[PDB]
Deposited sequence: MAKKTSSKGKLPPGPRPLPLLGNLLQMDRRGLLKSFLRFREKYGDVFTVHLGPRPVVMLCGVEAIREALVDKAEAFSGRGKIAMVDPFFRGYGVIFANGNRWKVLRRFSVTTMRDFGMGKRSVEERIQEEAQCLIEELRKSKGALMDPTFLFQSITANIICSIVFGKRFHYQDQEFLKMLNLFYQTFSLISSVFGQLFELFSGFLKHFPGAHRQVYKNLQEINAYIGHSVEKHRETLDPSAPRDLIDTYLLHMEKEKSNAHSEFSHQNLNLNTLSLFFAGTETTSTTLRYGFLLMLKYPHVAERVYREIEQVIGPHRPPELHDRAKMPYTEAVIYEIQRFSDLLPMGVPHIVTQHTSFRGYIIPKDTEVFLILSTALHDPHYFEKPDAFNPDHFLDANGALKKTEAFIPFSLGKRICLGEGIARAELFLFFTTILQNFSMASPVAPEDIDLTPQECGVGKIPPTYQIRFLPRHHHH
């Protein structure tokens, strides 16, 4: 008849002494063994409600969408955002910024396909330049996803050796890792205390600021050469809305929202898609039978000549199930992004007060044994029926659900399929490390799950 059951906390340190050393997710998976799918965990001084498994996640985010559609904070970035931009906004602010984003993301968007195709070719082009040398694919996979989002937002794409562009992508990488670091998870619990001392949070804050100053300077240029009848990109469109509303008593179209909303899209748009790729090719190195089986489907469906295209999808159910599996296994946001309830809410006989944070442990759905047979292993069959046809599932929710559902899943999936197939079409992969010696153990597991560094060669097939 009250907030969900869970480990009895202490004053000051909530459930610190019951956490697991390996981090927040490990801790939660245990607490689940004992407490069930719905439970409270005091992270520092606050009863954060965890929801696990597809039933429960779906029941909150969908059936109770209103109650569960609010946004929590990520302690490590909150000092910078403080509720601005679409990702971290609530109430009307979010409403406006979500609508704005979704509409202008499509407008130049869902041509988007043409831009991914073009970028995919600049990409092949660069991988030829490497001449099969060993390389860390990190910056490139970042470049390509970033360029898609940049073209939509700044109206252009960046050269792969643009120093100032590489500087931006370095900041995203570091930042996401600092966030996901163990000090990151620790900061989630004790930022009240830890904020007053040195540590990664200050690096993150500084980084976000740098990125934001670039965005801000770019906004200034857009303003100087703005043509009210020929809006170039998302920033221009924003600037016009800003003008339209400048007499409205409260516009959410403020400079803070412009800069941070842009940053949110720019960053979000870059990080996960590229990471999925990174973790995807490490999986190809570890399982070449899957890689060449994907090639043999590229063979039949596209041949080795024609740029692949979104239409090819339906005809390539294996490649598609391979991608779904890469996503599932990668599990890139094991805990999604934090929610809050917007009212005093009933859930399974429990009561969650207004404004009680809620974590939807997406990872528990992507690993649910009722839906996947060896949840811990990389196996495309998980997305295939007996006939080798595509088998989508209720539990594949790496984008979350509901009103906060990833507003980029559409473009993320285009990018994923396009970039993936266009690479495999042209290249084969090898590394020094023998397949079964390849370690899939992530180098960070916090807010994000981050794959180890690896070296890779792309050998031509001509």
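In this chain the deposited sequence has gaps in the coordinates at 1-8, 119-121, 474-476, listed in sequence order.
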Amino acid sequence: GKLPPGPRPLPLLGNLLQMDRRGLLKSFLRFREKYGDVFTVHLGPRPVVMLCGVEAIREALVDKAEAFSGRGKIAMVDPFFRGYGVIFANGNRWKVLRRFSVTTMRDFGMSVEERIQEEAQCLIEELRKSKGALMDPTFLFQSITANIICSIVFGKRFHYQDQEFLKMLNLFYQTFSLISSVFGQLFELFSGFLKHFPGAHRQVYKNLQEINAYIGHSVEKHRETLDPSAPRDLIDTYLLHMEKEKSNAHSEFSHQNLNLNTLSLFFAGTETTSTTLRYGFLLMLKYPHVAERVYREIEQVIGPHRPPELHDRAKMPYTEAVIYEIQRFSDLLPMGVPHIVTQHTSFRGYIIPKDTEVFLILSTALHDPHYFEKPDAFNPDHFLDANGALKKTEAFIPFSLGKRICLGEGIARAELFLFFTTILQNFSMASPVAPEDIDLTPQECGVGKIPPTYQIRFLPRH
From here on, numbers count along this sequence of modelled residues.
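Here the rigid core means the biggest group of C-alpha atoms that line up within 1.5 Å when the two forms are laid on top of each other.
Farther from the shown form on average, by C-alpha root mean square after a core fit in 6 other deposited structures of this protein, is 229-237, of the stretches 281-289 and 229-237.
A fit on the rigid core, followed by a root mean square over CA positions in 6 other deposited structures of this protein, ranks 375-383 against 195-203 and picks 195-203 as the more shifted one. Among other deposited entries of this protein with both flanking residues present, at least a third omit coordinates for residue 109. Mean C-alpha B-factor is higher over 310-318 than over the other stretch, the pair under comparison being 310-318 and 259-267.
Look at the mean CA B-factor for 298-306 and for 90-98 in the entry; the higher one is 298-306. Per the PDB record, 129 has a higher Cα B-factor than any other of 82, 344, 129, 348. By the numbers in the PDB entry, the CA B factor is greatest at 287 among 329, 176, 287, 214.
Residue 325 sits in the middle third of its chain by CA B factor, as recorded in the PDB entry. Remark: residue 228 belongs to the highest third of its chain, ranked by C-alpha B-factor as recorded. In the PDB entry, a CA B factor belonging to the lowest third of its chain's modelled residues is recorded for residue 339. In this PDB entry, the Cα temperature factor of residue 400 sits in the bottom third of its chain's modelled residues, the lowest group. When the modelled residues of the chain are ordered by C-alpha B-factor, residue 427 sits in the highest third.
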